[PDB]
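Chemist: Residue numbers (the working numbering), protein chains in the order written: chain A, 3 to 333; chain B, 3 to 333; chain C, 3 to 333; chain D, 3 to 333. Ideal Cβ positions, reconstructed from N, Cα and C, are used throughout, including at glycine.
Protein chains: 4
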Amino acid sequence: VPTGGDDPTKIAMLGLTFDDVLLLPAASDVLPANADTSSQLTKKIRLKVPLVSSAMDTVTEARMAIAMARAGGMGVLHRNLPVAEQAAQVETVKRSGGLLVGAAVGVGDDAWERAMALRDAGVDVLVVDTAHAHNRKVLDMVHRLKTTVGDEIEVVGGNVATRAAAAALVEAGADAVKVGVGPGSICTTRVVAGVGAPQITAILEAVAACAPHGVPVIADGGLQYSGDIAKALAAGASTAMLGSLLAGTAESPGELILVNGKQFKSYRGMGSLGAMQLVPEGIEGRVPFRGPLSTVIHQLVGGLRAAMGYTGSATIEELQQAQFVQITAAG
Amino acid sequence: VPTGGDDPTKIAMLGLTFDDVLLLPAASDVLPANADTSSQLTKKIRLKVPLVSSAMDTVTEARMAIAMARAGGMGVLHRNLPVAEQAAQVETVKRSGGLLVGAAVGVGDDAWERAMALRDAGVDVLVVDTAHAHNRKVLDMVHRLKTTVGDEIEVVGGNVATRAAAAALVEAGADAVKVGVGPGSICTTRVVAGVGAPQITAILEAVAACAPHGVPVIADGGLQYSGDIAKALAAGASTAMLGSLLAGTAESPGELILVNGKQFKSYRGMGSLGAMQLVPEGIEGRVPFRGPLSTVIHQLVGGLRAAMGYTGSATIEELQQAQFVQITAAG
Amino acid sequence: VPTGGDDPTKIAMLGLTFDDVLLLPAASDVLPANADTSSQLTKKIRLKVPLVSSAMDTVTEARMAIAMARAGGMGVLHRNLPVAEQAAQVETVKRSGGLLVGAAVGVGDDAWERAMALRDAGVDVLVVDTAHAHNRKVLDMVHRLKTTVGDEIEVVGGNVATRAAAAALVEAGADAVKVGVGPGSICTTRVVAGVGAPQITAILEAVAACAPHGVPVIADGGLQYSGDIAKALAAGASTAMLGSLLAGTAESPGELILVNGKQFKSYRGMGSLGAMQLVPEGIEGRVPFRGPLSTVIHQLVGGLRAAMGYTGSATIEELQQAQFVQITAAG
Amino acid sequence: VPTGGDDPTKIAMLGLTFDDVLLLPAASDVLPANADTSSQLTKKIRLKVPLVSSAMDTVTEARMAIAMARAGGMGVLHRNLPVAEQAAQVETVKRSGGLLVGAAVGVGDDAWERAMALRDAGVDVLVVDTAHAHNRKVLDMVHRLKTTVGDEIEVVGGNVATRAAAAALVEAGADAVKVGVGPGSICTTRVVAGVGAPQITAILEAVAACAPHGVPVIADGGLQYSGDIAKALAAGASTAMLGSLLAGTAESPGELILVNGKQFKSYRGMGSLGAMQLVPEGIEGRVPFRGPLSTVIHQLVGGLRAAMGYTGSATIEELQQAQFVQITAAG
Ligand SMILES: O=c1[nH]cnc2c1ncn2[C@@H]1O[C@H](COP(=O)(O)O)[C@@H](O)[C@H]1O
Ligand SMILES: O=c1[nH]cnc2c1ncn2[C@@H]1O[C@H](COP(=O)(O)O)[C@@H](O)[C@H]1O
Ligand SMILES: O=c1[nH]cnc2c1ncn2[C@@H]1O[C@H](COP(=O)(O)O)[C@@H](O)[C@H]1O
Ligand SMILES: O=c1[nH]cnc2c1ncn2[C@@H]1O[C@H](COP(=O)(O)O)[C@@H](O)[C@H]1O
Ligand SMILES: COc1ccc(O[C@@H](C)C(=O)Nc2ccc(I)cc2)cc1
Ligand SMILES: COc1ccc(O[C@@H](C)C(=O)Nc2ccc(I)cc2)cc1
Ligand SMILES: COc1ccc(O[C@@H](C)C(=O)Nc2ccc(I)cc2)cc1
Ligand SMILES: COc1ccc(O[C@@H](C)C(=O)Nc2ccc(I)cc2)cc1
């Protein structure tokens with residue numbers, strides 16, 4: 003083995019991230035303005051815009067979930083608050099019309115009680131929200147939810163980074179599989195634990211297990227630019243979950259911060275020291291203030307539309323068949 | 003597949019850019035001063051110097067096109083102005099002698115009317131100037147022009163980044179094919195849309211479809227140094243189109259700008275916010291003031307001559323057969 | 003040969019360092035808090051925490067060795083001091099309970115006399131501490147020690163960077179093999195001599211020679227983050243030796259230094275100019291003050307525990323079977 | 003072809019530079035102080051230290067050539083001065099004892115007359131000093147010199163970067179072949195012409211043509227650290243020519259320069275604007291003042307000795323058989 007040792011499988015793959023690849027242009031009859039951006043969030047739920055906001059307490063509470071649903075996407079309400087308040091935020095969303103909304107639950111003690119309270123409040127999507135879903139306890143929670151409320155509510159499981167982990171969540175009954183171990187902008191899992199999987203390769207591997215069963219993949223974390231959304235979808239994901247890109251908006255939780263004449267909002271991992279107040283696996287940071295969500299989503303969808311035009315993708319399903327070129331460091 | 007998924011074609015190639023390669027020296031009887039720099043712009047038109055200026059409103063109007071033609075190259079007049087003014091700039095060029103001149107048209111509503119006005123004014127080259135030429139509408143415009151004015155005017159089509167796209171433009175009747183999707187210095191297509199193709203690989207692929215039909219390839223965008231011109235030509239291109247390298251000259255549009263004691267000129271993408279006043283795919287920037295065009299062209303041709311000496315290339319056609327070494331990040 | 007010459011073996015391998023790889027998550031029933039972090043330092047000695055402190059005079063004297071042993075690891079006392087003082091530091095450690103302790107000796111003139119004095123003082127581990135252990139003199143010292151005091155004391159030999167060198171130390175009777183030629187944070191061997199081996203590949207190669215003989219590998223140098231500890235162990239090492247990560251602690255030798263409002267401690271190679279007062283192969287530097295050792299070790303073990311959870315490793319022996327993904331520059 | 007086009011030979015090799023590789027440690031009975039650093043400069047001339055100084059007017063005049071010869075190396079007198087002064091500098095060297103000395107000549111008009119004047123003055127080595135030696139005029143100059151003064155004077159030819167070019171110089175009668183097109187620290191050939199060859203690969207290729215004929219290779223340019231000297235020799239070179247590393251010494255031409263409280267000396271390419279007062283292929287720069295040459299040479303040889311110890315190389319001929327590991331960007 004050229005890299006050392008006698009075992010070819012020790013280093014199992016070469017992991018690519020968004021920056022490692024570009025979409026190749028292809029024959030196109032598609033204009034950006036005419037492309038259909040709708041896509042499956044879960045087996046049953048289709049969104050007009052393939053974007054959901056992260057279940058983080060500096061990204062998504064009721065105001066963000068409302069704005070996301072109106073923009074044609076969806077919010078997933080964070081779970082770093084008492085059950086009653088989370089359920090009350092769900093009802094607040096529903097009070098603003100027939101809006102789609104999701105909410106995160108864990109696999110802890112109150113997790114099941116949390117899930118029932120959220121169902122009572124009328125949630126559409128339950129997101130089993132863990133650092134590592136390749137675990138019997140997580141798979142059981144997914145399964146128990148799907149068997150109990152599966153008729154009324156779609157159940158998302160995450161996060162995974164391998165084909166085998168995605169396959170297990172599919173077996174357990176997940177209506178969608180969320181991919182991302184390591185890539186988050188505020189994530190330090192890679193330096194603290196030494197663990198991760200570059201996101202383009204993780205999506206390709208998860209899609210290989212999920213697509214044959216008709217289960218959509220949510221690409222979660224590491225998206226910095228509107229172009230990364232197109233890359234993630236072309237890699238086979240059906241939607242993208244955004245944290246950093248939405249944390250700077252007016253609709254996110256938290257106040258404006260003025261630093262050296264420029265405006266910011268605070269953005270922090272749910273595994274950061276302050277978010278837990280296990281060693282921390284996230285940082286507490288700041289992102290530039292970006293203004294209204296509707297504005298950000300427009301640019302983001304604008305970039306996606308451009309990619310669909312370049313690749314001749316009339317739909318997201320067609321974009322999922324596009325090809326990449328791998329680039330070098332010089333790129 | 004080592005990078006993920008089960009489909010070897012998902013990541014179709016490894017894309018190289020100018021910085022990824024160097025020209026290998028070879029047996030030479032050629033002195034830099036004795037090399038022949040002339041080359042085909044189109045099937046019928048040969049330039050003394052293989053350089054054309056970009057169809058951008060911070061690069062090429064009548065003054066630049068005149069100076070370029072006198073230096074042995076050509077200008078392509080930008081189309082971000084009323085038809086009448088563009089045709090008037092064409093006539094202005096012709097008034098300064100028997101000078102070669104090109105002009106950009108789109109595929110829009112007034113595009114055909116634009117083209118006829120330009121023909122009337124005596125244009126030599128019509129450049130069908132689009133972001134993505136692999137499109138029936140673009141191919142039809144190329145074909146319609148070639149069938150209508152093809153005897154009197156050479157028709158260039160662009161831009162493309164793949165073998166298949168170049169082949170389609172050849173089929174449609176292009177007298178030259180322009181290559182560049184992603185590499186421009188002011189281009190943000192790669193981050194906004196996630197789309198592009200590293201320019202050395204794009205040129206190799208386009209040339210593979212164009213050379214067998216005797217159609218010249220114009221390498222457009224991403225050239226930072228005189229050395230990149232030699233690389234592009236050695237990759238198989240017959241000419242190079244320059245934006246950033248010429249935007250800082252006295253002959254380009256726009257005024258001098260003084261910032262922190264240094265002189266600059268403004269340089270902006272045609273897909274930038276201000277150039278359109280579709281989400282923006284270019285930035286508005288500044289480049290150092292470089293002085294007279296004749297000076298810049300001399301250095302640029304000087305570098306090209308040096309490469310021809312090192313590679314034993316007496317002509318551009320010989321340079322197109324030179325070999326590369328690929329370098330690593332450390333280079 | 004694509005990289006030059008006609009000899010495929012001239013460039014014998016592709017060397018990976020910690021930053022080149024990530025641990026892949028795997029099926030897990032293991033919680034971070036429930037993982038067993040114990041591991042073999044040598045054939046006979048098992049530590050509760052797989053960490054030892056470097057034999058450097060800005061890292062380990064009696065205070066550090068005591069604190070390391072109490073934290074479940076071990077210190078290796080540096081040898082840049084008279085024999086009597088080193089033996090006196092050994093006795094000082096033993097005076098603070100039944101604490102494990104190691105001490106470095108060379109292969110020089112006083113080295114044997116040093117070793118005997120250390121045995122007399124009750125040392126548990128003798129570390130034959132050289133820049134290049136693939137040498138008959140070093141191997142003989144290892145062998146002579148193992149034959150003379152081998153019943154009472156474990157003998158470590160280092161440092162090596164190849165399979166063949168590790169194999170020779172195993173033949174010579176080493177109870178553990180220490181790996182690291184080039185990777186130290188204060189090391190300039192790579193720029194001064196041009197010599198080295200990236201640490202992940204060096205560990206894989208050493209383990210290939212050591213594991214089949216039941217000899218543990220100590221990964222020494224280049225560890226910057228808690229994640230690197232998990233990577234080194236997953237590559238096959240049984241423990242990690244730390245210099246820079248521990249040099250900033252209260253328990254390390256040396257005073258506090260205040261520079262531009264921030265607190266530091268000095269940290270220097272044993273091959274640096276000042277440490278020898280052969281051209282220098284280390285620098286004299288500064289590291290941020292980190293506070294108590296117990297605090298640093300907690301974070302470090304915390305990160306290791308996280309990795310064990312992600313990889314489903316209940317023990318270090320299981321972690322040694324985990325898989326990597328290789329990442330690109332973009333990562 | 004994965005990188006583009008249909009021709010596998012278009013990109014002929016993967017070029018490695020010094021930073022791409024490290025020397026692997028190997029079984030050693032060699033102590034740094036006991037290694038034999040002597041090596042062939044040319045077929046007939048062996049130096050005690052395998053280092054020569056560049057033929058540049060900010061590196062080598064009579065004072066440097068004297069100091070180099072006394073340190074066991076040699077200087078090559080630059081040729082950017084009238085013939086009479088160069089010959090007078092040669093005689094000045096000889097006046098300081100039986101010191102070895104070389105001198106550069108070109109292939110120009112006065113080049114032959116220059117060479118004869120230098121022979122008259124008692125030069126030992128004539129260095130045919132060109133940017134591109136793969137040229138009939140250069141090869142003829144080498145041959146004419148070897149046939150005319152070949153009994154009394156060794157003739158070096160350079161520079162080359164390929165196997166074929168090295169082979170041609172061997173055929174022409176060169177007593178040594180100098181390698182380096184592109185790598186010089188003050189060289190801009192790579193950006194101006196787009197031409198070059200990474201130096202480790204260039205040395206491997208040149209040695210493949212030169213070693214079988216017993217012709218020594220001089221590695222010229224790109225050496226930044228003492229470690230690069232060991233790498234170049236291990237790649238198969240017999241000596242290294244140094245510019246930047248020696249330009250900062252007291253013995254180099256030029257005055258001390260004080261910039262922002264630190265001492266420098268000017269260092270400029272022979273192809274820079276000021277050195278010619280063909281477009282420039284070098285810059286005019288500054289290097290830190292390093293003090294006496296004897297001091298610099300000691301560190302440099304010190305590093306080489308260290309490498310010989312690590313690789314078990316008792317002689318330079320043994321070092322030429324050492325192995326590399328290739329490293330990644332992360333290294
Ligand atoms: O503290 C943390 N450590 C690791 N990952 C986190 C943490 N907090 C949130 N995440 C994940 O990072 C995603 C957002 O990544 P981003 O869009 O790049 O900022 C979130 O949706 C989570 O999946
Ligand atoms: O706004 C833009 N977005 C993407 N490409 C552009 C834009 N404006 C001009 N270009 C292309 O970039 C080329 C100039 O690239 P440059 O020489 O690297 O500055 C132009 O000839 C166009 O092909
Ligand atoms: O001067 C030196 N040159 C090269 N390696 C050194 C030197 N001093 C200590 N080392 C090694 O570097 C290790 C510490 O590396 P670190 O933890 O990255 O700072 C030590 O345990 C030694 O193996
Ligand atoms: O102007 C120049 N352009 C390209 N190479 C040069 C020039 N001047 C000197 N050289 C070469 O660069 C070598 C010194 O490289 P350095 O030691 O890295 O600074 C010299 O021995 C020459 O072979
Ligand atoms: C994907 O988003 C997140 C990732 C981590 C995180 O926090 C860290 C502290 C955590 O949960 N670690 C952990 C590691 C192994 C296992 I097994 C279980 C948990 C929070 C959010
Ligand atoms: C090559 O030079 C340019 C590139 C882009 C550009 O502007 C952007 C906004 C544009 O045209 N985008 C777009 C993307 C897909 C399709 I399909 C059509 C147009 C302008 C010049
Ligand atoms: C692993 O930690 C260290 C590495 C080097 C070092 O110092 C240098 C000066 C040294 O010992 N060099 C040397 C090189 C070849 C041989 I063979 C022997 C020694 C000190 C510690
Ligand atoms: C190796 O050291 C040097 C390299 C270049 C140099 O100057 C440039 C301007 C030069 O000579 N160029 C040139 C390029 C092709 C041919 I063919 C001939 C000369 C001077 C020294």
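Here's the rule: buried if 16 or more other CB atoms are within 10 angstroms of the residue's CB, otherwise exposed. What is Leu260 (chain C)?
Modeler: Per the 10 Å Cβ criterion, exposed.
Chemist: Any heavy atom of ligand 6 closer than 6 Å to the Cβ of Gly311 (chain A)?
Modeler: Yes, Cβ of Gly311 (chain A) sits closer than 6 Å to a heavy atom of ligand 6.
Chemist: Let me see if you follow: with CB-CB separation under 7 Å, is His136 (chain D) close to chain B or not?
Modeler: Yes, its Cβ sits closer than 7 Å to a Cβ of chain B.
Chemist: With the cut-off set at 7 Å, would you say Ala168 (chain A) and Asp131 (chain A) are in Cβ contact?
Modeler: Cβ distance not < 7 Å, so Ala168 (chain A) and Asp131 (chain A) don't count as in contact.
Chemist: Can you tell me whether DSSP reads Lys264 (chain A) as helix, strand or coil?
Modeler: The answer is strand: DSSP assigns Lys264 (chain A) an E or B state.
Chemist: Does the Cβ of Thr62 (chain D) lie closer than 6 Å to at least one heavy atom of ligand 1?
Modeler: Answer for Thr62 (chain D): no, Cβ out of range of ligand 1.
Chemist: To the nearest angstrom, how far is the alpha carbon of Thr297 (chain B) from that of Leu128 (chain B)?
Modeler: So the two alpha carbons sit approximately 28 Å from each other.
Chemist: With the cut-off set at 7 Å, would you say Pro34 (chain B) and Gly311 (chain B) are in Cβ contact?
Modeler: Yes, the pair counts as a contact, with Cβ atoms nearer than the cut-off.
Chemist: Please check if any C-beta of chain B sits within less than 7 Å of the C-beta of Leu16 (chain D).
Modeler: By this cut-off, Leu16 (chain D) is an interface position.
Chemist: Let me know if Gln226 (chain A) comes out buried or exposed under the rule of 16 or more other beta-carbons within 10 Å of its beta-carbon.
Modeler: The residue is exposed, with fewer than 16 neighbouring Cβ atoms inside 10 Å.
Chemist: Does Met243 (chain A) come out as helix, strand or coil in the three-state DSSP assignment?
Modeler: Of the three classes helix, strand and coil, the one that applies to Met243 (chain A) here is strand, per DSSP.
Chemist: For a test of your reading of the model: does the CB of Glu286 (chain B) fall under 6 Å from any non-hydrogen atom of ligand 2? Yes or no.
Modeler: No, since every heavy atom of ligand 2 falls outside the 6 Å radius drawn around the Cβ of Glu286 (chain B).
Chemist: How would you list, in chain order, the residues of chain D whose beta-carbon sits under 8 Å from the beta-carbon of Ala309 (chain B)?
Modeler: Here the neighbours are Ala195, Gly196 and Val197.
Chemist: Considering Cα atoms alone, identify which of D:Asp122, D:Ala71 and D:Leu83 is closest to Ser98 (chain D).
Modeler: Among D:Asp122, D:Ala71 and D:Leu83, the Cα nearest to that of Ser98 (chain D) is on D:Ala71.
Chemist: Using a Cβ-Cβ cutoff of 8 Å, what residues of the segment 265 to 287 of chain D are near chain B? List them in chain order.
Modeler: Hits within the stretch, in order: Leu280, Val281 and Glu283.
Chemist: Looking at the unbroken beta strand (DSSP E) that takes in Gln328 (chain A), where does it start and where does it end?
Modeler: It spans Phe326 to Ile329 - the beta strand (DSSP E) in which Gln328 (chain A) sits, taken as one unbroken run.
Chemist: Could you tell me whether the Cβ atoms of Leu206 (chain D) and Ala170 (chain D) are closer together than 7 Å?
Modeler: In this structure, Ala170 (chain D) does not lie closer than 7 Å to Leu206 (chain D) by Cβ.
Chemist: Check for me: the alpha helix (DSSP H) holding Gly273 (chain B) runs from which residue to which?
Modeler: Where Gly273 (chain B) is concerned, there is no enclosing alpha helix (DSSP H), given that its DSSP letter is neither H nor E.
Chemist: Take the Cβ of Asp21 (chain A) as the centre, count every other Cβ of all protein chains shown within 10 Å, and call the residue buried at 16 or more, exposed below.
Modeler: By the neighbour-count rule (16 or more Cβ atoms within 10 Å), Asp21 (chain A) is buried.
Chemist: Check the C-beta distance from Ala174 (chain D) over to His145 (chain D) and give it rounded, since I have them as a contact under 8 Å.
Modeler: That belief holds up - the Cβ atoms of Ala174 (chain D) and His145 (chain D) are roughly 5 Å apart, short of 8 Å.
Chemist: Can you tell which of D:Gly186, D:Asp230 and D:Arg65 has its C-alpha closest to the C-alpha of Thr94 (chain D)?
Modeler: It is D:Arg65 whose Cα lies nearest to the Cα of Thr94 (chain D).
Chemist: Considering only the beta carbon of each residue, do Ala208 (chain D) and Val172 (chain D) sit closer than 7 Å?
Modeler: Their beta carbons are not under 7 Å apart, which means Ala208 (chain D) does not touch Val172 (chain D) by this criterion.
Chemist: Quick test of the definition: if touching needs 3 or more C-beta pairs under 8 Å, does the segment 309 to 329 of chain C touch the segment 188 to 204 of chain A?
Modeler: Yes, the segment 309 to 329 of chain C touches the segment 188 to 204 of chain A.
Chemist: Within 7 Å of any Cβ in chain C, is that where the Cβ of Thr5 (chain A) sits?
Modeler: So yes, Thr5 (chain A) belongs to the interface.
Chemist: What separation, rounded to the nearest whole angstrom, lies between the Cα atoms of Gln88 (chain B) and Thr44 (chain B)?
Modeler: Using only the alpha carbons, I get a separation of about 22 Å.
Chemist: Could you name the residues of chain D that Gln328 (chain B) contacts, counting a contact when the two beta carbons are closer than 8 Å?
Modeler: Those are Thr5, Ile13, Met15, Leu16 and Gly17, listed as they occur along chain D.
Chemist: Anyone know if the C-beta pair for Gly287 (chain A) and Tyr269 (chain A) falls short of 7 Å?
Modeler: Yes, Cβ-Cβ distance for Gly287 (chain A) and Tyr269 (chain A) is below 7 Å.
Chemist: Which word fits residue 395 (chain C), buried or exposed, when buried means at least 16 other C-beta atoms lie within 10 angstroms of its C-beta?
Modeler: Outside the shown range of chain C (3 to 333) lies residue 395 (chain C), about which nothing can therefore be said.
Chemist: Is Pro218 (chain B) buried or exposed, if buried means 16 or more other CB atoms sit within 10 Å of its CB?
Modeler: Classification for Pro218 (chain B): buried.
Chemist: Below 8 Å on the Cβ atoms is my contact criterion, and I expect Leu295 (chain A) with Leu248 (chain A) to pass it. Report the Cβ-Cβ distance as a whole number of Å.
Modeler: Right, their Cβ atoms sit about 7 Å apart.
Chemist: Output the residue ranges of the beta strand (DSSP E) runs that lie fully inside the segment 89 to 163 of chain B and measure 3 residues or longer, sorted by chain position.
Modeler: The qualifying runs are 104 to 107, 127 to 131 and 156 to 162.
Chemist: For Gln323 (chain A), count neighbouring Cβ atoms within 10 angstroms of its own Cβ and tell me buried if that reaches 16, exposed if not.
Modeler: Answer is exposed; the Cβ neighbour count stays below 16.
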